[PDB]
């Protein structure tokens, strides 16, 4: 399934993932496409900062959902 990760600069990127993939896996994909180290990524969905060890289905992230990407200060 496809999900979207949006920056606050209005850029949206598309990732191919399965519900079983971890947040850490998503961060790795983001590092590959955008060069941002995973330790600097905060992903946000449903008002929560997403923990690395959980899966997308653990957060009820589904096809075409959007996650927010912010950098850590």
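Positions refer to the first chain, counted from 1.
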Check your understanding: Of the two stretches 21-29 and 47-55, which shows the higher Cα B-factor on average in the entry?
Key -> 47-55
Practice item. Classify residue 65 as lowest, middle or highest third according to the C-alpha B-factor given in the PDB entry, relative to its own chain. Key: lowest
Point to revise | Modelled-residue ranking by C-alpha temperature factor, third containing residue 73 | key: highest
Review point. In terms of the CA temperature factor given in the entry, to which third of its chain does residue 1 belong: lowest, middle or highest?
Key: highest
